[PDB]
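> below is the structure, and that's it, no one-letter string:
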C-alpha cells in the first residue's frame, strides 16, 4: 500500500524505489520464480549457478538493468490487459545517466485531462434571420430549366453534376509538376471532386475551348509544392460527351441525385434535401463564430498527448481521401495537420466540460427522430430504420453527431443570442 | 502461377513486379476491398471520394508506397501464421532510391542451408587406452582419509566441496574494479562457482591466512576490463567455519554429493559416478580433436543467419548464468560470443549432413537405456523413469544428447580410429 512513484512529463513516470535488504532478497527473488512459471519457462533453466545465490552475488552488479527488465515485463503485460495496441515501436526517451546522482526517465501510458469554463456571459451568438423571396423562386425556376438539356453533341452545355471527360496538364508557373497527369479522365462536377474554384470555373465554357483557370489552392494543403500556389491548367478539352438541346429522354429522373424519382418526386425530394443542407449551413455558420470567439477570449494550455492522437487520426482521414492509404500516412508532416488539430482538441474539451457539468446524455429519443427523417429520404423508411439500428457503428456515429448539436444548444440557452436580419451574401461565407 | 521474385542477400528478397493496366485496376482494386472486410473495417470508410476513382486518379502518385503498405501487410500476416515472433523492431534495410532506375531492398523471413562432406578418410581419431593401477588406488584411498575431518575450529582444513566464508576484495594490478565487492559470502568450492584456479588455489591454505592468488582470467571473458587480466585478490580471511579433527558426526553421509547415503553406499555411488564422468572426459577428449581436425582441414563459408541465431541464444545462456537475466543480454558484445558461435554452427552443420546422408534417427531404445542408467542413481529408479517420460522437454533434450553420440559413433565407424596408450597427464588436458 505504501509506495513511491513520481511523474516526469507528459505520460512519463519515474519509479526507482529503494527497499530494505530483507525486502529485496525475499520478495524479488521469489517474484522471479513466479513470473518464470507463468510463462512455463521455469523448467528451461538448467542451473549450474543456483538462482538464489547468483541473484545475490551478481545482483548488485546489474540490479539497475534488472529493474529495467522488470519495467519492460510490466509494460508489455500491462498494455495487453489494458487493450493498448501500439503500432511499430514506442520511443523510449531516457536521460543522461550520472554516476552518483539520480536518474529520470519517461515511459508513457495513461492520460487524465481537466477543464474549467470562463467567459460564458461573453458568448454572443449571431442568429441570422432569413426567408425565401420571389427573387429566390424565380432564380430557382430559371436554373431548373437551364438544367434541362438532353443527349446531343458539340457546343457546350456543361452540367454541375454530370460527367466531363477532361484532358489536362498540371502547369503552375509555366512549369509542370509531378501531378496533373491524367488522360481520358471523367470528372463528376458538383460533388467536390476537385479543389474549390477549379470545377466551378468550368461552367460557362464550351467544349473544345482553351481558356485556362486561376486556382490559388488552400494555404493548408498536403502538398507543399502546391500550397498557396496559383496554378493555371491549360485545358485543351478535345472531345467531351456533352448534352445540349432538351428532348424526350428518361434518364434525367434516374441519373441525377439519389436513387430514381418521378417528375414531381424529384422536385419534392430535392426541395426538402436542399432545405436539409440549409440546416447544415446555418448551424455551421453559427458554430464557427461561437468557437472562434471562445478560443480568442480564452487562451489555455493544450495537452500535447491529445493533439498527437488527433493528428495521427487526421493523417488517416486525409490518407483515406488521398488514395485510401494507411500506415504510410505516419510519414506525413505534423505541422500541416497540427494547426487544425489544436482547434479540434480545444473544441472537444470545451464541449466535454459542458457535458460533464450539466450532465448531458446522448438522447436516444432525439436520435430516433433523426434516423426517421433520414429514413424518409428512401423508398421505404422501415427497412432503413432496421438497417441503421442493426448496426452499432452507424448508431454510435449518429449519436456522436446528435450529441454535438445537443451540447451546442445547451450552451446557446446559457449564452447571449442575438437575432439579426441579414443578406444572402453573408450566408455565402462558408469558405471555412 | 507465373510470377517474378528475386533475392538480394541473406534472407532478403526483391519483389517490384510490373503488371498490365487491366490486371492492376481490376485485381488490386478488388483485393483491397477483401482485405478491408477481413479486418471488418470496410464499413468505417466514409467515402467522399469513391475508392474506384481515387485509387485510379492518385493511384500512380503513391503506388510505390501502396506496394510498400501491401508488403508491410503481407509481412505481418505471414509471421503470425508462420509462428515467427520478432522481439523488438526488425531493421528494414533499404537502399538509395534512384529516380529512373530500379530499387533493391532486403526484407528477411525464411532460411534454407546446404552442406557437403569431404576429407572423411583423413579423419584420424585418437582413442587413448588407459587402466587403473595400484598407485591410483593408493592415491584415491589417501584422498578419502584426508576428507575425513569433522566439526571444530581454527587451523585450516578446507574441503573441496564445503562452505567457505570468504572476505575478499577485487584488486587486479593494484587497482580495485567494479566487481569483487562481497562480504559474508559463503562459497561452495569444487562446484565450479569461480574462475578455474581461484577456488582450487584456496586448497592448502589456513584460516586467517593472507597469501594472494594468481588468476589470469579467460581471453574469452564477458568483462572486457578483466579479459586476459591477472588478478591477485589479497584475501584477508577473518573467521571461516572450518572443520578439523575427525570424530563421530553423522553429516558426512547426508551433506556430501547427491542425496543421503550409507557408508558403503556413498563409496559405491561415488565410484560409479566418478567413472561416469570418465565417460564424459574421454568422449570430450576424442570429440575435440575430431572437430578441430575437420575445421582446419575444411574451411567453408558460414551462413551469417545461423551464426546470428546461435549468438543470441548464447547470450541468453551466458546471461542466465550472469544473473538469470534476459532481454538486456541483447546489448552484449557480438564479437565476444561470435567466435565460439562459429564453431558451434560448423559442428552442427557437419553433424547434420551425417544425419541426412546416412538417415540417422533418434533412437528411443538407446534413450531408454540412458534414462535407466540415470534413474539408477536415485532412491527409486521407477519413479524417475516415469518422471522423465512424463515431461516432453526432458525427453527431447536427452534425445538431443543421445543423438550427438550416435552421430559421432557413425562418423567413427567410417573414420580411421587409432588406439594408443598414454599417460594420465594427457587426459588432464581438459582446459578447453
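Good, I have the coordinates. Numbers count the residues shown, from 1 in each chain, chains lettered A, B, ... in the order given.

> does the longest strand along chain A reach chain B?
When chain A is scanned for its longest strand (criterion: DSSP state E), the result is strand A:176-188. Yes: counting by CB under 8 Å from any CB of the partner chain, contacts between strand A:176-188 and chain B involve A:178, A:179, A:181, A:182, A:185. Heads up, the C-betas are built off the backbone N, CA and C, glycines and all.

> okay, now residue A:323: neighbour count?
Residue crowding around residue A:323 was assessed by other CB atoms under 10 Å in any protein chain shown; the count is 24.

> pull out the buried positions in the helix or strand hosting residue A:316.
Per DSSP states H and E, residue A:316 falls inside helix A:304-323. Residues of helix A:304-323 classed as buried: A:305-307, A:310-312, A:314-316, A:319-323 (neighbour count, 16 or more other CB atoms under 10 Å in any protein chain shown).

> what packs against it?
Judged by 3 or more CB pairs under 8 Å, 6 or more residues apart in numbering or on different chains; DSSP states H and E, the packing partners of helix A:304-323 are helix A:334-358, helix B:51-57.

> tell me, what residue is most central in chain A?
residue A:314 (4.8 Å; CA atoms, centre = their mean).

> just say helix, strand or coil for residue A:420.
Put simply, residue A:420 is strand when judged by DSSP: H, G, I helix; E, B strand; the rest coil.

> next, count neighbours for it.
Residue A:420: 9 surrounding residues under other CB under 10 Å.

> what's near enough to touch it?
By CB atoms under 8 Å, 6 or more residues apart in numbering or on different chains, the contact set of residue A:420 is A:126, A:127, A:128, A:129.

> and for residue A:427?
A:128, A:130, A:281, A:282, A:285.

> next step: the residues you listed restricted to strands.
Using DSSP E, the contacts of residue A:427 in strands are residue A:128.

> filter the contacts of residue A:427 to the buried ones?
By 16+ other CB under 10 Å, the contacts of residue A:427 give A:128, A:285 as buried.

> I'd like the distance between the residue in the stretch 151-300 of chain A that chain B sits nearest to and residue B:99.
With CB to the nearest CB, the shortest gap between the stretch 151-300 of chain A and chain B falls at residue A:179, namely 6.3 Å. Per CB to CB, to the nearest Å, residue A:179 is found 15 Å from residue B:99.

> what's the answer for residue A:277, then?
For residue A:277, the distance to residue B:99 (CB to CB) stands at 45 Å.

> quick one, which of the two is more surrounded?
Set residue A:277 next to residue B:99 and count neighbours by other CB under 10 Å: residue A:277 wins out with 10 against 4.

> tell me the secondary structure for the more buried one?
Reducing the assignment at residue A:277 to three states with three-state DSSP gives helix.

> so what's residue A:232 closest to, chain neighbours aside?
In this structure, residue A:232 finds its nearest non-sequential neighbour in residue A:212, 5.0 Å apart by CB to CB, 6 or more residues apart in numbering or on different chains.

> no no, residue A:315
In space, and not counting its chain neighbours, residue A:315 is closest to residue A:329: 4.1 Å by CB to CB, 6+ apart.

> cool, residue A:73 as well?
Closest to residue A:73 by CB to CB, 6+ apart is residue A:35, at 6.9 Å.

> got the contact list for the residue lying farthest from the centre of chain A?
Distance from the centre of chain A peaks at residue A:48, with 58.6 Å (CA atoms, centre = their mean). By CB under 8 Å, 6+ apart, the contact list for residue A:48 reads B:192, B:321.

> so which of the contacts of residue A:427 are in helices?
A:281, A:282, A:285 (DSSP state H).

> please tell me I have it right and the last one contacts residue A:429.
Yes: the pair residue A:285 and residue A:429 passes the contact test of CB atoms under 8 Å, sitting 7.3 Å apart.

> still on that earlier bit, include distance to residue B:387 when you put the contacts of residue A:427 into a markdown table, please.
Listed next are the contacts of residue A:427 as a markdown table, based on distance: CB to CB, whole Å:
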| residue | distance to residue B:387 |
| --- | --- |
| A:128 | 87 |
| A:130 | 90 |
| A:281 | 81 |
| A:282 | 81 |
| A:285 | 81 |
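
> neighbours of the closest residue in space to the residue nearest to the centre of chain A that isn't next to it in sequence, just the number please.
Nearest-residue entry for residue A:314: residue A:337, 4.6 Å, with adjacent residues in sequence omitted and distances by CB to CB, 6+ apart. Other residues near residue A:337 come to 23 when the count uses other CB under 10 Å.

> list the buried ones in stretch A:247-254?
By 16+ other CB under 10 Å, the buried positions in stretch A:247-254 come out as residue A:252.

> show me where chain A has strands.
Using DSSP E, strands in chain A cover A:6-7, A:13-14, A:124-129, A:163-171, A:176-188, A:416-421.

> looking at the ones you listed, spot the one closest to residue B:398.
Nearest to residue B:398 among those is strand A:13-14 (46.9 Å), distances taken as CB to CB.
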